[PDB]
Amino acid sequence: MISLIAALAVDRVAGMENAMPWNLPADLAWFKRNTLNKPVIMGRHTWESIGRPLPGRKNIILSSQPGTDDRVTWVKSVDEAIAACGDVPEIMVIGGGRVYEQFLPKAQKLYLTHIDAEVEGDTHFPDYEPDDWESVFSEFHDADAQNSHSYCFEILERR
């Protein structure tokens, strides 16, 4: 199956010109936890933002051009990306906006972190219809000494 994972501020804002204005180590731990040992598909901008291969995962980067880093796998279409993942239980799509919109119709599961941050950005998570998804897990966390905002983890499965 194909899954998306993302951190969403209010209005599904997912990305800005620069790094998001929050310190959320617990969310990064959730991200690692749910992606380790699985192929991860990302767009070139997200690859550049991360700045290195994510360890312990097969990193697959979408770009229309040949790759510029031989440590990771580079593909030029959604179907090539999927094929490059091989026979695995779960493919993780980790963004960014362009990539999320392409994969959402193919996806069976969403891993979302809802962040109580009323911020502005240039990249959003695609619209999804709550009636087409069953929420199977939810977990709230307040802001604390190590996390700048309150965050709520959710897992949704497509009906």
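In this text, residue numbers run from 1 along the sequence as written.
Set 49-57 against 22-30 and average the Cα temperature factors; 49-57 ends up higher. Of the two segments examined, 97-105 and 113-121, it is 113-121 that shows the higher average Cα temperature factor in the deposited entry.
Each of 8, 152, 5, 1 has a CA temperature factor in the record; the biggest one is found at 1. For residue 64, the recorded CA B-factor ranks within the middle third of the chain. Only modelled residues enter the ranking. Among all modelled residues in this chain, the alpha-carbon of residue 135 has a temperature factor (C-alpha) in the highest third.
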